[PDB]
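The block underneath contains the structure these notes are about, expressed in C-alpha cells.
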Amino acid sequence: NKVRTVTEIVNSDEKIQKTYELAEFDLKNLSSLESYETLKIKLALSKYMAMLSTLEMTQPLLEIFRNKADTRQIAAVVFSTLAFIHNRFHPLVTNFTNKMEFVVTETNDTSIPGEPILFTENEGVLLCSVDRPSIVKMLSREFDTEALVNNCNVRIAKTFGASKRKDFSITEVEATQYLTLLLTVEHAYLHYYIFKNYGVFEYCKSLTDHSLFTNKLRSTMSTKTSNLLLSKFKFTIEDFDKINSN
Amino acid sequence: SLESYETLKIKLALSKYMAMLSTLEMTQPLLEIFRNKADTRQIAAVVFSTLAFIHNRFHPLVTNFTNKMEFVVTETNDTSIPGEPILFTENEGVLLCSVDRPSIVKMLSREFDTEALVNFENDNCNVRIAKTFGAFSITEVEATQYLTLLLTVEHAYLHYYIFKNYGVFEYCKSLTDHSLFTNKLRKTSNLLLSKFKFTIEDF
Amino acid sequence: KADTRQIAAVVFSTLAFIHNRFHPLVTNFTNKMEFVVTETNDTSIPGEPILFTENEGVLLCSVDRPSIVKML
Amino acid sequence: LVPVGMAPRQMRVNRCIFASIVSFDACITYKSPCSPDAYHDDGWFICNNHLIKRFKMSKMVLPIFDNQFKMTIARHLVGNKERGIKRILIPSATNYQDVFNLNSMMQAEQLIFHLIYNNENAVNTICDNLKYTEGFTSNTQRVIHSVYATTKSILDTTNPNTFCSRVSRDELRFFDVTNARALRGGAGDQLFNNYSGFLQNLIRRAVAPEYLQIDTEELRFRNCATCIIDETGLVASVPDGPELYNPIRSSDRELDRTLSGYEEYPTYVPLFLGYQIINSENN
Amino acid sequence: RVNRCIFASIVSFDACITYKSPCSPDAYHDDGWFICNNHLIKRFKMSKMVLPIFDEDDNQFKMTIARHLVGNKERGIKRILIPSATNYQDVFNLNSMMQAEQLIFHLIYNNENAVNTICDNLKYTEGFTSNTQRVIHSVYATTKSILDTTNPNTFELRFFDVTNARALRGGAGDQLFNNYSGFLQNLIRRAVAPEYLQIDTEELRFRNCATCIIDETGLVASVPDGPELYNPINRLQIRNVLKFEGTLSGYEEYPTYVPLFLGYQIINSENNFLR
Amino acid sequence: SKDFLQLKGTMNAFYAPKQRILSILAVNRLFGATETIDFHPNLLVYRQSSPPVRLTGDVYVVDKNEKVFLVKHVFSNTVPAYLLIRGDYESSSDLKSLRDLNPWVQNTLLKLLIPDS
Ligand SMILES: [Zn+2]
C-alpha cells in the first residue's frame with residue numbers, strides 16, 4: 001500500500017515527513033520479474049532450437065514430421081526433446097541411461113487422444129509411442145500472429161514506463177511450433193516421470209486423471225527443478241463453468 | 001542559536017569535504033563524474049579520498065590510512081546489492097572495493113525538494129528592512145548531492161571498519177544486519193550519520 | 001508536418017519557459033529530451049495533446065500536431 | 001534445421017592472425033592470449049598483445065584534419081639501450097626466421113610465420129612433418145587445415161587490396177627517409193616491395209609518414225624520421241645519430257605540488273617515416 | 001597564495017575601463033613559471049606542459065615544457081614566439097593593449113624610455129595624482145620585484161643554439177638568450193626543453209630534431225628546415241536540434257602537439273638531483 | 001512524367017514529391033504538364049544530418065542562413081540540370097557564385113525565390 005518516512009536532527013525537533021506510495025515499486029518489481037521470466041523462456045527456446053540444429057537435419061521441423069518415411073529423424077527429435085526436458089529438471093543429467101525404443105503410430109485406432117506421446121515398457125525396456133499424424137496436425141494448424149493476449153491502472157503505468165524498440169527461416173509461426181512441441185514433450189515427460197517413480201499403475205491412473213501430478217511432482221519439481229514452462233502463465237478454458245455445467 | 005552553532009560545525013565539516021574535493025581538482029561536478037563511466041579513475045579517487053577523510057575524522061589521532069586499494073566500478077544489476085552501493089570484498093588477500101555507479105547516478109539525479117519544503121529560519125522583517133534602508137558558488141541542490149555522497153561513503157566506511165577490525169565474516173553479518181551501529185557513537189561524533197535520525201513507518 | 005524540428009524547438013522552448021516561470025533560477029532543462037509528433041487518432045490521447053513518457057533512460061514528449069493545428 | 005539453407009551468417013570475427021594458435025597435441029589444452037582489440041574491424045590484423053610480444057610495437061591513433069580523421073599509427077616499445085637484433089622492429093623475410101625463435105615457440109605459430117613471410121618451403125616442411133607426426137588423421141590434420149585455412153583467408157583478404165594499393169595512382173606512399181640527404185634511408189621503397197602483401201599492409205597501418213600531402217595541403221608531422229627500413233626490415237633506429245630515449249613507464253614533493261593536474265607530454269616514440277600523397281579524402 | 005600572474009597586476013586606471021583579469025589559476029603554483037598559463041597563451045602563444053624523464057619508482061624527473069600555438073601557415077611576426085627587445089614593440093600591438101600591460105612589457109624588455117614615456121602620458125590623466133600614480137607605483141613595483149626575482153644576479157650549462165646541425169656557423173642564439181632579461185631567460189628555460197640531456201656522461205635524446213628556432217628576431221616556432229610542422233587546434237538554436245535518435249574508437253590518441261624541443265643540457269658529476 | 005509536377009510559372013522547373021526534390025533543367029524545356037504546383041518553402045524540407053552531408057561538383061549558395069544550395073546534377077541519361085536543396089550540407093570544393101549560371105536557370109530561380117509581394 002503506502003509508507004512514510006520522517007527525517008529529524010538529533011538536537012532539533014523540526015521534523016520533515018514524506019509519504020511514499022508503494023505502487024511504483026510494485027510496478028518496478030513486476031516489470032523486472034516479467035522481463036526476467038521472458039528472458040529465461042526465450043533462452044530455453046533458443047537452446048532447444050540450437051541443439052536441434054546441432055543434430056543437423058536438412059528439412060524444417062514441420063517437413064520432418066510430415067515425412068512419414070524417415071522415422072529415424074522423428075525418433076531423434078523426440079528423444080532429444082525428452083532428454084532436454086529431463087536435464088532442465090535434473091541439470092546434472094546429460095544422457096538417459098537405459099536405452100529407449102520408439103514407435104510411430106499411424107491410425108486413430110492406434111493413437112490415444114490427449115497423449116500424443118506416451119510410454120510403455122516391453123518388460124525389459126521403455127518404448128515411446130508417437131502420434132505423428134497428431135503432431136503434424138498440431139504443428140500445421142494455422143496460428144494467429146496478429147491478435148494480442150491478456151488492473152487497468154498498472155496496465156497504463158507499465159505502458160507509459162516500459163519502452164519499446166522498433167537470416168533465419170524462423171518466423172513467429174516456427175517459434176510457436178517449437179514451443180508447442182516442447183510443451184507436448186514436457187507433458188509426456190511428466191507422465192513418464194510419474195511412471196518411472198511410482199509404477200505403471202500410478203502411470204495409468206495419471207493418464208486417467210492428471211490431477212495426481214500435483215503431489216506426485218510438486219514433491220520434487222517445485223523445490224529442486226526449474227518451474228514448468230506453462231508456469232509462465234495462468235491458463236484457463238473460456239466459459240469453463242458453463243461448459244462444465246453442459 | 002546553540003543548535004545553530006552545531007549547524008555551523010556541520011557546514012564546516014561539509015566545507016572541509018569541499019576542500020578535499022578541490023584538492024582532487026575535478027573539472028566536472030560529481031554528478032557528471034559519476035554519469036561518465038569512462039571516469040573510472042576519477043570515481044575511484046573520489047571514493048578513496050572520501051574514505052580517507054572519514055577515517056581521519058573518525059580517528060582524529062590517526063592519520064594513517066590504506067594507501068592502496070583494488071577498485072571495481074560495477075554497472076550491472078547482478079553486480080550490486082540493494083541498500084549497499086559500495087562493497088568491500090576480498091579476493092583471497094586482495095581488498096576489492098565495488099561501486100554501484102548507476103545507483104550513485106540515480107541518487108544524485110533525483111530531484112530535491114529545496115524550494116518545495118518550507119522550514120523555520122532566522123527571519124526578521126525588521127532586520128531586513130533596516131538593512132535595505134542602510135544600503136564559484138555551490139547551490140542548495142549541489143550541497144544536497146554532496147551531503148548524500150558523503151553519507152553514503154560514511155555508511156560504506158563504517159562497513160569497511162567492521163571488515164578490518166572484526167573480519168570479512170562480521171562484515172558480511174553487518175551487511176545482513178545493521179543493528180551494530182544503532183548506538184553509533186560509543187570518534188563517531190565527527191560522522192554526520194550520528195547527527196540526525198531517519199525512520200520508516202507503515203502507512 | 002514535415003518540419004518536426006521547428007515543432008520540437010517551439011514545444012521545448014515553451015516548456016522551458018513555463019518551467020523557469022515556476023523556477024526562475026532555472027534556465028535549462030538538464031536531462032536531454034526526446035520528441036515525437038503523432039499523426040493519428042489511434043496515436044493521440046484526447047484531452048492531453050502534449051504528454052510525457054520515459055524510455056527508461058530519458059523522457060520523451062509526445063505531441064499531437066493535428067490537435068494543435070485544430071485548436072490554433 | 002533452424003537457419004536458412006546456407007545463408008552465410010553475419011557476426012564479429014577475431015582478426016589477429018595469432019588468435020589461431022593451438023597446440024597440435026590435442027591432449028594438451030592451450031589458450032593464446034589475445035587483446036580484445038582483435039575484435040575491432042579495422043586495418044589491424046594483429047592484436048595489441050601479439051603486436052607487443054612479437055614486434056615490440058604498440059598501436060596508436062593520430063587525429064587528422066575540419067572533420068577529425070583518425071590515422072592509425074604504431075609506436076616503439078624499444079628501449080634506448082637495446083642493440084643489434086633487438087632493434088629489428090619487424091624482421092625481413094631474410095631475417096625473421098632468426099629474429100623469431102621458431103624453436104622456442106609453437107609449431108602452429110611457426111607455420112603462421114612461414115605463411116605471413118612467403119616461405120612455401122618451410123610451410124611444406126611443417127605440413128609434411130605434421131602429416132607424419134602424431135595422430136595426424138584423427139584430429140591434428142583437421143586442426144592444421146583449420147589454422148592454415150584461417151591464415152590463408154586473412155592473406156587472401158589482404159593481398160589483393162595491397163596490390164591494388166601498390167598500383168594505385170590516387171594514393172601513394174613512400175617508405176624512406178624524406179631527408180634524401182641521408183644514408184640510413186636507402187631504397188626503403190624497394191625493401192617495402194620485398195615485403196609480403198600482408199606485411200606491407202601492416203607496415204602501412206603502423207608507420208605514419210613524416211609528411212602528408214592531401215590534394216594541395218601538406219601536413220608535416222615530424223622534422224625527422226623515428227624509424228628506418230633496411231634489409232633486416234623495420235629497424236627502431238634513429239637515422240642520424242643517438243637513439244631516442246624510451247622510458248617505458250608501464251607494461252614490461254614540491255615537484256608534484258607544482259605539477260598537480262597539469263598537461264603532460266607523453267614520452268612515447270611514434271613511427272614517422274616516409275612520404276604519403278592522396279587525392280581527395282577517400283575517407 | 002602568492003599570485004605570480006604577471007600581466008594580472010594590471011589595473012584599469014581609467015574609470016570607464018574595468019579590467020576583468022580572467023587568467024589562469026596556476027599563478028598560485030610555486031613553480032618555476034613567473035607567468036601562468038592563460039597569460040602565457042595570450043601573449044606568447046604557448047601552452048604549459050610537463051615532460052616526465054625518469055618515472056619508474058620514485059625518481060620523478062618531470063621537466064616542464066610549453067607547446068606551440070602556431071599553425072603551419074603563420075610566418076614572420078605571426079610565428080615569432082618571444083620577440084627580441086629590438087622587435088617586441090612591433091610584434092606586440094602595444095597600442096592595442098592597456099598602458100599598464102605596455103609598461104609591464106617595457107620593463108621586461110628594459111625599455112626604460114618607453115616606461116618614462118608612458119608615465120609622462122599618464123601625468124595628464126584627470127585623476128592622475130589621485131590614483132593614476134598609485135596604480136603606476138603598484139604595477140611598477142610588482143613588475144620590478146618579479147624581474148629581480150627572476151634575475152639570478154640579484155641579491156647551468158643549458159645551450160639553446162647548440163643543437164643545430166646543418167647550420168653554417170655561429171650559433172649566437174645563446175648570445176641573444178644572454179641579452180634577454182632574467183625573466184625572459186627563465187621563461188625560455190622553463191618552457192623550452194633541450195633536445196638532449198647529458199648526466200654525468202649519460203646522454204638522453206628526446207627528439208631526433210629540434211622544434212624551435214632562436215635568432216635575432218627572437219624565439220620562433222619555426223623548423224630548422226623544410227615546411228612547418230602541422231599544428232592543429234548555449235543559446236539553443238534551430239540547428240542545435242538533433243535529428244532522429246540514431247573509426248579507431250578503441251585506441252588512444254597521440255597528441256598532435258609541437259612541444260618546445262630545442263637545446264642541449266649538460267649536467268656534471270651531480271647524480272639524479274631531486275631536491 | 002507522373003513522378004513530378006511542373007512548378008507554376010516555370011518552363012523548366014519541376015518537383016518530385018516521393019524524392020522531395022526540386023529540379024531545374026539546365027537548357028531544356030518542360031512539356032506536356034497538364035498540372036502545376038505552386039512553389040512553397042515547405043517543399044525545401046530541411047535535411048537533418050549530424051555531420052554535414054558532403055557534396056561534390058558545382059555547388060552554389062542560395063541562402064547561407066537557411067542552408068539552401070544549388071547543386072549541378074546530370075541525370076544518368078545525360079540530362080543537365082540543377083537540384084535546389086535545403087539542409088545541413090557542406091561542399092567538397094569551393095562554392096561558386098550564382099552569376100556563373102545561365103540566364104535561363106537564373107530567371108527560373110528568381111521566379112522561384114523572390115516572393116511575389
Ligand atoms: Zn590476439
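Ligands are numbered from 1 in the order shown, chains are lettered A, B, ... in the order of the C-alpha cells, and residues start at 1 in each chain.
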
Segment 50-178 of chain E: residues DSSP assigns to strand (DSSP E or B), reported as a compact mmCIF listing (two decimals) with C-alpha atoms, in the first residue's frame:
```
# COMPACT_ATOMS: atom_id res chain seq x y z
CA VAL E 50 55.32 18.78 -18.39
CA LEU E 51 57.66 16.10 -19.75
CA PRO E 52 58.46 13.22 -17.37
CA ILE E 53 62.02 11.92 -17.68
CA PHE E 54 62.51 9.21 -15.04
CA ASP E 55 59.20 7.95 -13.64
CA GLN E 60 60.11 11.50 -10.98
CA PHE E 61 62.14 13.96 -13.02
CA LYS E 62 59.37 15.95 -14.73
CA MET E 63 60.93 18.59 -16.96
CA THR E 64 58.49 21.36 -17.83
CA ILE E 65 57.77 22.37 -21.40
CA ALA E 66 55.31 24.55 -23.33
CA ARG E 67 53.69 23.90 -26.69
CA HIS E 68 53.37 25.84 -29.92
CA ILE E 80 57.74 34.69 -33.53
CA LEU E 81 57.04 33.40 -30.03
CA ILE E 82 59.26 35.55 -27.79
CA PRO E 83 60.41 38.60 -29.75
CA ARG E 158 71.92 24.69 -20.92
CA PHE E 159 72.70 25.66 -24.52
```

Query - Contacts with ligand 1 at most 12 Å, only C-alpha atoms and all ligand atoms counted, listed as a PyMOL selection string - result: chain D and resi 13-21+31-40+44-54

Report task. Do a neighbour search on residue 90 of chain A at 12 Å with only C-alpha atoms, toss out local chain neighbours closer than 4 positions, and write the hits as a PyMOL selection string. Result -> chain A and resi 83-86+94-96+193+220-221+223-227

Could those selected residues go to a file with N, CA and C atoms, as a short mmCIF file (atom, residue, chain, number, x, y, z; two decimals), in the first residue's frame?
```cif
data_model
loop_
_atom_site.label_atom_id
_atom_site.label_comp_id
_atom_site.auth_asym_id
_atom_site.auth_seq_id
_atom_site.Cartn_x
_atom_site.Cartn_y
_atom_site.Cartn_z
N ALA A 83 15.13 -35.66 -23.54
CA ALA A 83 16.35 -35.53 -22.76
C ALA A 83 16.58 -34.08 -22.34
N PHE A 84 16.27 -33.13 -23.23
CA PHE A 84 16.44 -31.73 -22.87
C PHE A 84 15.55 -31.36 -21.69
N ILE A 85 14.29 -31.79 -21.72
CA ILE A 85 13.40 -31.52 -20.60
C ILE A 85 13.90 -32.22 -19.35
N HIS A 86 14.33 -33.47 -19.50
CA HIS A 86 14.84 -34.21 -18.35
C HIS A 86 16.00 -33.47 -17.71
N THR A 94 22.94 -35.59 -18.45
CA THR A 94 23.14 -35.28 -19.86
C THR A 94 22.88 -36.47 -20.76
N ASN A 95 22.45 -37.60 -20.22
CA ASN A 95 22.07 -38.76 -21.00
C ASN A 95 20.76 -39.29 -20.43
N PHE A 96 20.34 -40.47 -20.89
CA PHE A 96 19.10 -41.06 -20.43
C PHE A 96 19.30 -42.48 -19.91
N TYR A 193 7.83 -39.54 -15.92
CA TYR A 193 8.44 -39.41 -14.61
C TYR A 193 7.57 -40.06 -13.55
N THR A 220 8.85 -32.81 -5.71
CA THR A 220 10.25 -32.70 -6.12
C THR A 220 10.48 -31.56 -7.10
N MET A 221 9.48 -31.25 -7.92
CA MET A 221 9.65 -30.31 -9.02
C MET A 221 9.76 -28.88 -8.51
N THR A 223 10.49 -27.68 -5.84
CA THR A 223 11.55 -27.44 -4.88
C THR A 223 12.92 -27.39 -5.54
N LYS A 224 13.26 -28.43 -6.31
CA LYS A 224 14.61 -28.60 -6.83
C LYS A 224 14.76 -28.28 -8.31
N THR A 225 13.66 -28.24 -9.07
CA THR A 225 13.73 -28.18 -10.52
C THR A 225 13.17 -26.87 -11.03
N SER A 226 13.62 -26.49 -12.23
CA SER A 226 13.08 -25.32 -12.89
C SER A 226 11.58 -25.49 -13.08
N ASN A 227 10.84 -24.41 -12.87
CA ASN A 227 9.39 -24.48 -12.97
C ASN A 227 8.98 -24.93 -14.36
#
```

Query raised in the report: Where does DSSP see helix (DSSP H, G or I) in chain C, if you list the residues as a ChimeraX atom specification?
Result: /C:4-22,41-43,65-71

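Using only C-alpha atoms, the residues found no farther than 10 Å from residue 55 of chain C, other than those of its own chain fewer than 3 positions away, are residues 160, 161, 162, 163, 164 and 165 of chain A; 34, 52, 58, 59 and 60 of chain C.
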
Using only N, CA and C atoms, please write the residues we just selected to a file, as an mmCIF file, in the first residue's frame.
```cif
data_model
loop_
_atom_site.group_PDB
_atom_site.id
_atom_site.type_symbol
_atom_site.label_atom_id
_atom_site.label_comp_id
_atom_site.auth_asym_id
_atom_site.auth_seq_id
_atom_site.Cartn_x
_atom_site.Cartn_y
_atom_site.Cartn_z
ATOM 1 N N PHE A 160 3.243 3.288 -20.026
ATOM 2 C CA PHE A 160 3.962 4.555 -20.072
ATOM 3 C C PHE A 160 5.368 4.472 -19.496
ATOM 4 N N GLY A 161 5.680 3.435 -18.726
ATOM 5 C CA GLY A 161 7.012 3.304 -18.171
ATOM 6 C C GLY A 161 7.943 2.491 -19.044
ATOM 7 N N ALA A 162 7.516 1.286 -19.410
ATOM 8 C CA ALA A 162 8.332 0.428 -20.251
ATOM 9 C C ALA A 162 8.485 1.036 -21.640
ATOM 10 N N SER A 163 9.611 0.736 -22.276
ATOM 11 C CA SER A 163 9.919 1.225 -23.608
ATOM 12 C C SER A 163 9.747 0.107 -24.628
ATOM 13 N N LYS A 164 9.892 0.481 -25.897
ATOM 14 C CA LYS A 164 9.817 -0.465 -26.997
ATOM 15 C C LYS A 164 10.883 -0.121 -28.021
ATOM 16 N N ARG A 165 11.348 -1.144 -28.727
ATOM 17 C CA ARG A 165 12.330 -0.990 -29.788
ATOM 18 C C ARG A 165 11.652 -1.287 -31.117
ATOM 19 N N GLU C 34 13.565 13.916 -25.577
ATOM 20 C CA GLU C 34 13.157 13.386 -26.866
ATOM 21 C C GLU C 34 11.801 13.956 -27.247
ATOM 22 N N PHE C 52 4.080 13.063 -21.706
ATOM 23 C CA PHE C 52 5.447 12.631 -21.462
ATOM 24 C C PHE C 52 5.484 11.159 -21.085
ATOM 25 N N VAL C 58 15.414 8.203 -20.498
ATOM 26 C CA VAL C 58 15.253 9.631 -20.738
ATOM 27 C C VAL C 58 13.813 9.907 -21.148
ATOM 28 N N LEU C 59 13.343 11.122 -20.890
ATOM 29 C CA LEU C 59 11.946 11.459 -21.113
ATOM 30 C C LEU C 59 11.692 11.858 -22.563
ATOM 31 N N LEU C 60 10.562 11.392 -23.093
ATOM 32 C CA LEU C 60 10.115 11.687 -24.442
ATOM 33 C C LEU C 60 8.795 12.435 -24.352
#
```

**Report entry** Check: which chain B residues lie within 12 Å of chain A using only C-alpha atoms, as JSON, numbers by chain
**Finding:** {"B": [1, 2, 3, 4, 5, 6, 7, 10, 77, 113, 116, 117, 118, 119, 120, 121, 189, 192, 193, 194, 195, 196, 197, 198, 199, 200, 201, 202, 203]}

List every residue of chain D that has an atom at most 9 Å from any atom of chain E, giving for each one its closest atom pair and the distance in Å to one decimal, counting only C-alpha atoms, sorted by chain and then by ascending residue number, as a tab-separated table.
```
residue	atom	partner	partner_atom	distance
D:37	CA	E:250	CA	7.2
D:40	CA	E:250	CA	7.9
D:42	CA	E:248	CA	7.5
D:59	CA	E:251	CA	7.3
D:60	CA	E:252	CA	5.8
D:61	CA	E:253	CA	4.5
D:62	CA	E:254	CA	5.5
D:63	CA	E:256	CA	7.0
D:64	CA	E:256	CA	8.3
D:65	CA	E:232	CA	7.6
D:69	CA	E:247	CA	8.5
D:70	CA	E:248	CA	6.7
D:71	CA	E:248	CA	8.2
D:72	CA	E:248	CA	7.5
D:73	CA	E:254	CA	8.7
D:80	CA	E:204	CA	8.4
D:211	CA	E:229	CA	9.0
D:218	CA	E:230	CA	8.3
D:219	CA	E:230	CA	5.0
D:220	CA	E:229	CA	4.7
D:221	CA	E:230	CA	5.6
D:222	CA	E:229	CA	6.4
D:223	CA	E:209	CA	6.3
D:224	CA	E:208	CA	5.9
D:225	CA	E:208	CA	7.2
D:226	CA	E:208	CA	7.1
D:238	CA	E:208	CA	7.0
D:239	CA	E:208	CA	8.6
D:240	CA	E:208	CA	7.7
D:241	CA	E:208	CA	8.2
D:242	CA	E:205	CA	6.7
D:243	CA	E:205	CA	6.6
D:244	CA	E:205	CA	4.9
D:245	CA	E:205	CA	5.4
D:246	CA	E:206	CA	8.4
D:247	CA	E:54	CA	7.0
D:248	CA	E:56	CA	8.6
D:249	CA	E:56	CA	6.1
D:250	CA	E:56	CA	8.2
D:253	CA	E:275	CA	8.6
D:254	CA	E:30	CA	8.4
D:255	CA	E:62	CA	7.6
D:256	CA	E:62	CA	8.7
D:257	CA	E:29	CA	7.8
D:258	CA	E:31	CA	5.4
D:259	CA	E:50	CA	7.8
D:262	CA	E:49	CA	6.7
D:263	CA	E:49	CA	4.8
D:264	CA	E:50	CA	4.5
D:265	CA	E:51	CA	5.3
D:266	CA	E:51	CA	6.9
D:267	CA	E:51	CA	7.2
D:268	CA	E:254	CA	8.6
D:269	CA	E:207	CA	8.9
D:270	CA	E:254	CA	8.1
```

Query - chain E contacts to chain C at 9 Å (only C-alpha atoms) as a count of residues only - result: 8

Report task. Define the interface residues of chain D facing chain F as those within 12 Å, counting only C-alpha atoms, and report them as a list in words. Result -> residues 66, 67, 68, 215, 280, 281, 282 and 283 of chain D

Can you write just those residues out, N, CA and C atoms, as a JSON list (two decimals), in the first residue's frame?
```
[["chain", "number", "residue", "atom", "x", "y", "z"],
["D", 66, "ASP", "N", 39.05, 20.05, -40.72],
["D", 66, "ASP", "CA", 37.78, 20.25, -40.03],
["D", 66, "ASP", "C", 37.26, 18.92, -39.48],
["D", 67, "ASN", "N", 36.95, 18.00, -40.39],
["D", 67, "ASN", "CA", 36.50, 16.67, -39.98],
["D", 67, "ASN", "C", 37.68, 15.88, -39.43],
["D", 68, "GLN", "N", 37.61, 15.51, -38.15],
["D", 68, "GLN", "CA", 38.74, 14.88, -37.48],
["D", 68, "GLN", "C", 38.94, 13.45, -37.96],
["D", 215, "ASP", "N", 45.70, 16.48, -51.51],
["D", 215, "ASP", "CA", 45.32, 17.38, -52.59],
["D", 215, "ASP", "C", 46.39, 18.45, -52.76],
["D", 280, "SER", "N", 41.79, 13.94, -52.97],
["D", 280, "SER", "CA", 40.54, 13.97, -52.22],
["D", 280, "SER", "C", 40.76, 13.40, -50.83],
["D", 281, "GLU", "N", 39.68, 13.01, -50.15],
["D", 281, "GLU", "CA", 39.77, 12.45, -48.80],
["D", 281, "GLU", "C", 39.79, 10.93, -48.81],
["D", 282, "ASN", "N", 38.90, 10.30, -49.57],
["D", 282, "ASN", "CA", 38.81, 8.85, -49.62],
["D", 282, "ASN", "C", 38.61, 8.26, -48.23],
["D", 283, "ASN", "N", 37.83, 8.95, -47.41],
["D", 283, "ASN", "CA", 37.63, 8.55, -46.03],
["D", 283, "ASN", "C", 36.15, 8.49, -45.69]]
```

Requested in this report: Write out as a VMD selection string the residues lying within 9 Å of residue 23 of chain E, counting only C-alpha atoms and excluding same-chain residues fewer than 2 positions away.
Outcome: chain E and resid 5 7 to 8 20 to 21 25 to 27 36 to 39

What would the file look like if the residues just selected were written as a PDB file, in the first residue's frame with C-alpha atoms?
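What landed in again18.pdb:
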```pdb
ATOM      1  CA  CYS E   5      50.224  36.141 -12.518  1.00  0.00           C
ATOM      2  CA  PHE E   7      50.076  40.634 -16.623  1.00  0.00           C
ATOM      3  CA  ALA E   8      47.338  40.281 -13.994  1.00  0.00           C
ATOM      4  CA  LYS E  20      38.481  41.544 -15.814  1.00  0.00           C
ATOM      5  CA  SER E  21      41.887  39.854 -15.499  1.00  0.00           C
ATOM      6  CA  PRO E  25      44.596  29.741 -11.585  1.00  0.00           C
ATOM      7  CA  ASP E  26      48.043  28.136 -11.797  1.00  0.00           C
ATOM      8  CA  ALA E  27      49.607  31.509 -10.928  1.00  0.00           C
ATOM      9  CA  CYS E  36      50.698  31.494 -15.508  1.00  0.00           C
ATOM     10  CA  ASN E  37      49.046  29.532 -18.262  1.00  0.00           C
ATOM     11  CA  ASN E  38      46.499  31.998 -19.624  1.00  0.00           C
ATOM     12  CA  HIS E  39      48.931  34.916 -19.800  1.00  0.00           C
TER      13      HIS E  39
END
```

**Report entry** Counting only C-alpha atoms, chain F residues within 12 Å of chain C, as a count of residues only
**Finding:** 12

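Selecting chain A residues within 9 Å of chain D and counting only C-alpha atoms yields residues 49, 50, 52, 53, 54, 55, 56, 57, 58, 59, 60, 61, 167, 168, 169 and 170 of chain A.
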
Would you export the selected residues with N, CA, C and O atoms as a compact mmCIF listing (two decimals), in the first residue's frame, please?
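Everything below was put into again.txt:
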```txt
# COMPACT_ATOMS: atom_id res chain seq x y z
N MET A 49 16.13 -24.92 -29.97
CA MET A 49 16.32 -24.79 -31.41
C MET A 49 17.76 -25.07 -31.80
O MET A 49 18.03 -25.72 -32.82
N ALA A 50 18.71 -24.60 -30.99
CA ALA A 50 20.11 -24.73 -31.34
C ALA A 50 20.56 -26.18 -31.28
O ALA A 50 21.30 -26.64 -32.16
N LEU A 52 18.61 -28.78 -31.69
CA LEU A 52 18.01 -29.44 -32.84
C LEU A 52 18.81 -29.15 -34.10
O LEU A 52 19.01 -30.04 -34.94
N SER A 53 19.28 -27.91 -34.26
CA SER A 53 20.15 -27.61 -35.38
C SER A 53 21.43 -28.44 -35.31
O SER A 53 21.90 -28.97 -36.32
N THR A 54 22.00 -28.56 -34.11
CA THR A 54 23.21 -29.34 -33.92
C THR A 54 23.02 -30.75 -34.46
O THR A 54 23.93 -31.33 -35.06
N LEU A 55 21.83 -31.32 -34.26
CA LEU A 55 21.54 -32.60 -34.89
C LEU A 55 21.70 -32.51 -36.40
O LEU A 55 21.97 -33.52 -37.05
N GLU A 56 21.54 -31.32 -36.96
CA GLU A 56 21.82 -31.07 -38.38
C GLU A 56 20.93 -31.94 -39.27
O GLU A 56 21.39 -32.85 -39.97
N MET A 57 19.64 -31.65 -39.22
CA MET A 57 18.67 -32.22 -40.14
C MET A 57 18.30 -31.19 -41.19
O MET A 57 17.93 -30.06 -40.86
N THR A 58 18.38 -31.59 -42.46
CA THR A 58 18.22 -30.64 -43.55
C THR A 58 16.85 -29.98 -43.53
O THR A 58 16.74 -28.75 -43.65
N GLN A 59 15.80 -30.77 -43.38
CA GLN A 59 14.45 -30.24 -43.51
C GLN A 59 14.05 -29.42 -42.29
O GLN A 59 14.64 -29.56 -41.22
N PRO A 60 13.05 -28.56 -42.43
CA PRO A 60 12.49 -27.88 -41.25
C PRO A 60 11.64 -28.84 -40.44
O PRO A 60 11.32 -29.95 -40.86
N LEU A 61 11.27 -28.38 -39.25
CA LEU A 61 10.60 -29.26 -38.28
C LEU A 61 9.31 -29.84 -38.85
O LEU A 61 9.08 -31.06 -38.77
N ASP A 167 18.94 -13.78 -40.52
CA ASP A 167 18.96 -14.62 -41.71
C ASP A 167 18.47 -16.02 -41.39
O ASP A 167 18.95 -17.00 -41.95
N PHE A 168 17.51 -16.11 -40.47
CA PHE A 168 16.94 -17.38 -40.05
C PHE A 168 15.55 -17.54 -40.64
O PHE A 168 14.77 -16.58 -40.68
N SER A 169 15.24 -18.75 -41.10
CA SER A 169 13.92 -19.03 -41.65
C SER A 169 12.82 -18.94 -40.61
O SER A 169 11.64 -19.03 -40.97
N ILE A 170 13.16 -18.77 -39.34
CA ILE A 170 12.19 -18.83 -38.26
C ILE A 170 11.33 -17.58 -38.29
O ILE A 170 11.85 -16.46 -38.25
```

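Among the candidates E:102, E:145, E:240, E:271, the one nearest to chain F when counting only C-alpha atoms is E:240.
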
Query - For residue 67 of chain F: contacts at 9 Å, only C-alpha atoms, fewer than 3 positions along chain excluded, given as number ranges by chain - result: F: 46, 61-64, 85-89

Could I get the residues of chain C with an atom no further than 7 Å from an atom of chain A, each paired with its nearest atom pair and that distance in Å to one decimal, using only C-alpha atoms, sorted by chain and residue number, as JSON lines?
```
{"residue": "C:53", "atom": "CA", "partner": "A:160", "partner_atom": "CA", "distance": 5.5}
{"residue": "C:54", "atom": "CA", "partner": "A:161", "partner_atom": "CA", "distance": 6.0}
{"residue": "C:55", "atom": "CA", "partner": "A:163", "partner_atom": "CA", "distance": 4.7}
{"residue": "C:56", "atom": "CA", "partner": "A:163", "partner_atom": "CA", "distance": 6.4}
```

Requested in this report: Find the spatial neighbours of residue 158 of chain B, counting only C-alpha atoms, within a cut-off of 12 Å - ignore same-chain residues fewer than 4 positions away - and output them as JSON, numbers by chain.
Outcome: {"B": [51, 52, 54, 55, 58, 84, 86, 87, 88, 151, 152, 153, 154, 162, 163, 164, 165, 166, 171, 174, 175, 178, 180, 181, 184, 185, 187, 188, 191, 192, 193, 194]}

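Note that atom CA of residue 199 of chain A and atom CA of residue 121 of chain A are 11.1 Å apart.
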
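Relative to atom CA of residue 147 of chain A, atom CA of residue 244 of chain A is found at 27.1 Å.
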